[PDB]
Every structure is written in C-alpha cells, then in structure tokens.
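Observations on chain architecture
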Protein chains: 2
Amino acid sequence: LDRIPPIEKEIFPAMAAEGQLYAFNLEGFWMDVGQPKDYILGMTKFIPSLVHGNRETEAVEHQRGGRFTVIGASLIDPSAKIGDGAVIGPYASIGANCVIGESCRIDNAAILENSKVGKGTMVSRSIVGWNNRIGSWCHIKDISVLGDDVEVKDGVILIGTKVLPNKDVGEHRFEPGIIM
Amino acid sequence: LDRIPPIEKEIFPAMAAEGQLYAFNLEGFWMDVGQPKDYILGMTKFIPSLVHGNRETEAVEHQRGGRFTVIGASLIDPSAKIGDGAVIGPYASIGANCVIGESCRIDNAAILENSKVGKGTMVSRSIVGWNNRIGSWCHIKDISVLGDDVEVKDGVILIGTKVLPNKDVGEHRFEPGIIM
C-alpha cells in the first residue's frame, strides 16, 4: 500500500522493477464470465469440475419426480420437480421450486429460481428469468436470455432473442434481436 | 350420348337450349381438393360430417395406448399406438401401424401409413409421407408436405417446406421452399 493519486494498474512495472513479482501457473480452466455466451461456456467448463464438490449409469440426478434420463452431468436443485419423461441434457442447471413438464429437453441451459415449463419444449444453450413462466410446446434455442417474469405462449420459437423484464411474447422470432 | 367430335362442356348451352336441364341445391360442404392447403381445409370441414359414419367428454378416440387427450374430433386408426401423454389436436387423421411418441401435438395434421414420431414434436397443419420417420423434438408447422420415406433429425424446424421422396433433412428452414 502506497499513496498513488491518479496508476499503472497496481504499479506492476515498478513491482517488476524491484523484482518481487511472482506468478503461479494454473492447470485449471479460466475464462471471464462477462457475456451470456461466455456464461454458457463457463458453465459447460465448470460443471465437470464439481464432481467432488457438491451432491450432484449417469447418477448426477436421475429420479426426482419420475423416471427421467440425464445424458450428462447436471445440477438439479433438490426441491425442483422434473416430471415423468424429461431429458436433462449435458451441463444444465435448475433452480429451487422449478417445475419441468412431463417431457422436456433442457440442453446446456440454465433455469433460475421459480419457473414453470410446459410439455415438449426445448431449451438449448439459453437462460431463463427468475419468475419466468414458459409455454408448453415452445422451442427456445441459441444464445437467448429471458428477463424476469416473462411469459411465452404455446408454440413459439425464440432463436437468440433477448426479452426485457415483464414483457410478453406470442410471436415467432427466427433472427437475433431484442423484444421490448 | 351423341357423337360430337372435338367439347363445349359436354354441350351444356344447347342442353339448356332445349330446356331439359335441372339443378339440385346442396346444403353440405363442397370444395376442390387440388392443393395441400385445400387438402387441409377439406379435412377440417369433412371430419365433423363423419360423426354418424365411422366408429371414430371428447370420445372420438381417447384411450388407445395410454391416457392421452384429444381436443376435438379426429380419426385414429385402431392399429396405431398413440403413446402416453400425446395431445391429438382438432381434425387430425392417423394411418395404420403409425407410432406416436410419449408426448406429441398432432394439430390439424394427417399422418399416413407406417410412420414413427419421437417425443415432444409438433405437427401443425401439415402432412407426412407414407414410410416417413420423424425425429424426436422437431417442429413441423404451416403447410408443409413431406414425401415418401423422408427422415428428419432431432430438433429441426420445417416451416412450410415440401421435401422430395427419399431425401434427408437435418437443417432448419424458416422460409417456404423446396428441398431436393
């Protein structure tokens, strides 16, 4: 600690000038989670590193509310209900009290907090809001982030579109964009 | 029968000229099934007229292979297997030996002869081939006709595209067109 009014970061050039700066090589993964794409990539790199950390034949989480199959490792919150014939894809996370329909596909996607999901939808490489209420037969794929308390009708196809909070969606979007 | 070498609509002007032509007014439906769109419209007008004709609380066909729900009247071939949680939409037809997945949406669509359908797909206002083999989580909607012995991979979205026989589809199509 030295009083340096505005500042070469932490005075690193001088730190090397007196030659007391050391480096520690890391064998593990490293990436900056600053974007939704980087968010998904960090999740898919970080999930396998938690095998010895937390509680969760692929037995990361297999029988919660019914006989469903998980292709790869995933984080299933114990209070959640998965359904009867869902297929939780590789490297997926699900929050507390989340409800997943009778048959679903959660592929490399994150479901946060209290969310309801219908029957037959596919959530691929995407994120959903906190109190999100998702339709039954929709199709959400690519890097699309859904804000808080959004709702989508049945049979909508959001492909890489970010929606703002409290909005409502009822129409297809086949191109990247933003919904206000 | 009179020998008229070539043509005037079987000589209807003269037929009326001798004044021996009668007409019968029809109270029922009538339309020319010459296009897939007209095919779908004729099906949706003709299905309700068969309530007293053939064998098939909405009890047109309710329990075949599992406890599934039918929203409206539909024609389910007895040899078919519907699944466990399918939702056969209004005015749909299914051919013999057809297999429908655990949860499906057959909405105003026709399935012809031996076809297999995965889990969670949606077939809306469309037709499928004879020996068609449909993927699991696909999404086929709008007026799209699939030829004979076509196959679609998982998670494809065909929106109003007509595919030729024996072809294979593995990529999305968000616009009307033809696949060779």
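Its PDB record attributes the structure to cryo-EM, giving the resolution as 3.4 Å.

**Side note on the interface of chain B and chain A**
Note on interface size: it is often stated as the accessible area lost on association of the parts. Listed as interface residues are 18 residues of chain B and, on the opposing side, 18 residues of chain A. In total, chain B and chain A occlude about 1500 Å² of area from one another, counting both sides; carbon and sulfur atoms represent 64% of this. Secondary structure elements with two or more residues in the side of chain B that touches chain A: β8 (139-141) and β10 (157-159) of chain B. Of the residues contributing to the side of chain B that touches chain A, the split by class is seven nonpolar, seven polar and four charged.

**Examining unusual backbone geometry**
With phi around 60 degrees, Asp 142 of chain A is a residue other than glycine that occupies positive phi space. For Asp 142 of chain A, a relative accessible area of 37% corresponds to the partly exposed category.

**Section: the pattern of salt bridges**
By the definition in use, this model includes 10 salt bridges over all chains. With a shortest N-O distance of 2.7 Å, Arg 133 of chain B and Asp 149 of chain B are connected by a salt bridge. Of this pair, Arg 133 of chain B sits in the loop between β7 (122-124) and β8 while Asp 149 of chain B sits in the loop between β8 and β9 (151-152), and the two are 16 residues apart along the sequence. A single network of salt bridges, built from pairs that share partners, joins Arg 133, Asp 149 and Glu 151 of chain A.

**Some details on the sheet that holds strand β3 (residues 87-88) of chain B**
Strand pairing in a sheet takes place through backbone hydrogen bonds and is either antiparallel or parallel in direction. All names here are of chain B. Here we have six strands laid out as an open sheet, ordered β1-β3-β5-β7-β8-β10, and parallel in their pairing. Every interior strand has two partners, whereas the edge strands, β1 (69-70) and β10, have only one. Sheet topology places β1 next to β3; two bridges connect them, and they run parallel. Directly across from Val 70, in β3, lies its bridge partner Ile 88.

**Focus on the state of the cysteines**
Residues and elements named next belong to chain A. A complete count under the given rule lists zero disulfides over all chains for this structure. Take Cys 98: it sits in no disulfide, and the sulfur closest to it among the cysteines is that of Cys 104, at 9.0 Å. For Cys 98, a relative accessible area of 0% corresponds to the buried category. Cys 138 supplies the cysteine sulfur nearest to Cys 104, a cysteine that is in no disulfide, at a spacing of 8.6 Å. By relative accessible area, which is 0% here, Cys 104 ends up buried.

**Quick look at the packing of aromatic side chains**
Counting across every chain of the model gives three aromatic pairs over all chains. With a centroid separation of 6.1 Å and 55 degrees between ring planes, the pair formed by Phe 29 of chain A and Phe 46 of chain A is classed as tilted. Residue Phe 29 of chain A is located in the loop between α1 (12-17) and α2 (36-46), and its partner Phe 46 of chain A is located in helix α2; the two are separated by 17 residues in the primary sequence. Exposure remark for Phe 29 of chain A: the relative accessible area of 40% places this residue in the partly exposed category. Given the relative accessible area of 40%, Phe 46 of chain A is considered partly exposed. Here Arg 105 of chain A stacks its cationic end above the ring of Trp 137 of chain B, 5.8 Å away from the centre of that ring.

**Examining the relation of the copies chain B and chain A**
Structural alignment of chain B on chain A gives an RMSD of 0.2 Å, achieved by rotating through 180 degrees and translating 0.0 Å along the axis. Put plainly, the chains are arranged around a two-fold axis. If distances are taken from each C-alpha of chain B to the rotation axis, the shortest is found for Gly 120 of chain B, at 2.0 Å. Comparing contact sets, 100% of the residues at the interface of chain B also lie at the interface in chain A, consistent with an isologous, same-surface contact.

**Thoughts on the sheet that holds strand β6 (residues 110-111) of chain B**
All names here are of chain B. Here we have three strands laid out as an open sheet, ordered β2-β4-β6, and parallel in their pairing. Among the strands making up the open sheet, the edge pair consists of β2 (75-76) and β6. Alignment of strand β4 (residues 93-94) against β6, held across two bridges, turns out to be parallel. Within β6, the position partnered with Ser 93 by the bridge is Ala 110.

**A few points about α2 of chain A**
The α-helix advances 3.6 residues per turn, and as a result positions three or four apart in sequence lie on the same side. Among the residues making up α2 of chain A, those that are buried are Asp 38, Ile 40, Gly 42 and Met 43 of chain A. On its buried face, α2 of chain A sits against β4 (93-94) and β6 (110-111) of chain A.

**Regarding the environment of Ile 143 of chain B**
Residue and element names in this part refer to chain B. Tracing the sequence through the fold places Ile 143 in the loop between β8 and β9. Along the backbone, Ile 143 and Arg 125 are 18 residues apart, and their C-alpha atoms lie at a distance of 5.8 Å. Here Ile 143 is in contact with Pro 36, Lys 37, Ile 40, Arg 125 and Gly 160, once residues within four sequence places are set aside.

**Describing the side chain of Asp 38 of chain A**
With respect to the element layout, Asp 38 of chain A can be found in helix α2. Ignoring anything within four residues of it in the chain, the contact list for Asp 38 of chain A reads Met 31, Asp 32 and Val 33 of chain A.

Rules behind the numbers
Residues numbered from 1 in each chain as written, not as in the entry; some residues may be left out. Chains lettered and ligands numbered in written order. Part of a larger assembly, values for the part shown. Heavy atoms only, no water. Contact = heavy atoms within 4.5 Å. Buried area = accessible area lost by both parts, 1.4 Å probe. Helix = DSSP H or I, 4+ residues; strand = E, 2+ residues; numbered from the N terminus. Nonpolar A, V, L, I, M, F, W, Y, C, P; charged D, E, K, R; others polar. Buried < 20%, exposed > 50% of the residue type's maximum accessible area, 1.4 Å probe, protein only. Salt bridge = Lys/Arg side-chain N within 4 Å of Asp/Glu carboxyl O. Pairing = 2+ DSSP bridges. Disulfide = S-S within 2.5 Å. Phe/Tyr/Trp six-rings, centres within 6.5 Å; stacked < 30°, edge-to-face > 60°. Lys NZ or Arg CZ within 6 Å of the ring centre and 35° of its normal. Least-squares fit on C-alpha atoms.

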